[PDB]
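Shown below, as C-alpha cells, is a lone chain in the form deposited in one PDB entry; questions about how it binds or moves come after it.
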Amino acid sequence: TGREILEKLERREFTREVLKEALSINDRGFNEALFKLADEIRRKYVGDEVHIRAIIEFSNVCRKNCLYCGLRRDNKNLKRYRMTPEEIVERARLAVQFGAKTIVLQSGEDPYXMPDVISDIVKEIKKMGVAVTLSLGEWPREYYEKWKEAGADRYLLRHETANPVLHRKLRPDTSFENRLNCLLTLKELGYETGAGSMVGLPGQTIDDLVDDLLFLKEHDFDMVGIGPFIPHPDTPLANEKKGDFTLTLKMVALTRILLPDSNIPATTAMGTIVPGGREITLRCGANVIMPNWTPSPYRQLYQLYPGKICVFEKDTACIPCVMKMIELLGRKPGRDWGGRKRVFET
C-alpha cells in the first residue's frame, strides 16, 4: 500500500522493492505525501537556502553524437558558436557582480578549449572568490587533473542512464562504463561530483529508473541533476514521447529521500515541460537553481532541446528572476558557495 511504502521510506528501508513500488503507484494522495516527505527532508537537512549557480553555455560545438541532444555533431541545422576566453571571463565577472557565488561553465564536447584554454579561464574566474563548476563532458583524466589544479571546485557529468545497453545505444561514441569511470575519476581528484539521469528516454523502463536511484545512492554523489527527456526535432528521437513531469518529479523526490544532504537542482528541463516546473521541483526536494547567464546572440543557439526557457529574456534577466522566485517561494538565497554540507548518519 502507499501508506506502507511511505512508512518504509520514512524508516530508510530503501530496498529495490520499495523504490519500484513508489515509482509504480499513480495515486494522487501517495504522490502528494511523497512530495511532502521529500520537501520536509530537504528542509531538515539542507534548509531554506536555494543556491544559485550561474550557467554560461560558452560553446555549442560538440564532437559526440548523442541521439537525444540537439548539439549532436550530425545536426547541420544549427549555427555553431564559441565565446572567446575574454568573453567568458568577463561574462562570469558580470554574474559575480550580480551576486553569483558559483559559476558553471558548460559546453558541447568542443576540442578547441581543451585543456589549456579552460584552465586559463578557470584561473581568472577563481580570482573572483567564487566556486567554479565545469560541465564539459568526457575527457582524459589528465585534463580533469589540470582543471582541478587550475582551481575548479565541482564537475557535473550526468550519468544519463545507468542501463548500459540503453546508454550505449543513445551515446554511440562512448559507454556507461566510460561515463562511470569519468565520475569515479572526478571523485578521486577531489571534485564535488554531480551525476543524474534523464527520465522518459525512449526504451527506458521503471526498473531502469530504480537502477538510476540505486546507482546514485551507491556512489553518494554531491549533486544530482534530473530532468525529463525532451525530444528535439533535428535528432533521431524527434518523434519520441517526452518524459512525464510527475514521474520525473518523483525521481527528484526519491533522490532527496535517498541522499538527504545532497545538492539537487530544479533543472531547466523541468521548467520547460511544465510552466512553473522549477518552482514545483524546489518544493519537492530540490535546493539549487541554475539561471541562464549565456549572453545573446549565443543563448538561443544552445538548443539541447526545444522551447528552452530563458531564451527570449535579456542577458541579465535570469539572476534577478530566480532571486524573485526564491523570495516568493518563502526561501532564502545561498549565503556561501553552497558546497555540500554532509550530515554523517547511520
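Superpose the two forms; the largest set of C-alphas matching within 1.5 Å is the rigid core. So that there is no doubt, residue numbering starts at 1 and follows the sequence shown. Only residues modelled in both forms are compared.
Quick note: we don't show the form deposited in another entry, though the next part is all about it.
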Tell which of 290, 304, 284, 66, after superposing on the rigid core, has its C-alpha displaced by 2 Å or more between this form and the one not shown, please. 304
When the two forms are laid on each other by their rigid core, does residue 313 show a Cα shift of 2 Å or more between this form and the one not shown? yes
A change of 3 Å or more separates this form from the other: in the other entry, the C-alpha atoms of residue 97 and residue 301 are closer
Knowing the Cα distance between residue 279 and residue 313 changes 3 Å or more in the other entry, does it shrink or grow relative to here? farther
Moved regions between this form and the one not shown after rigid core superposition (C-alpha shift of 2 angstroms or more, 3 or more residues per run) are 300-314, 344-346
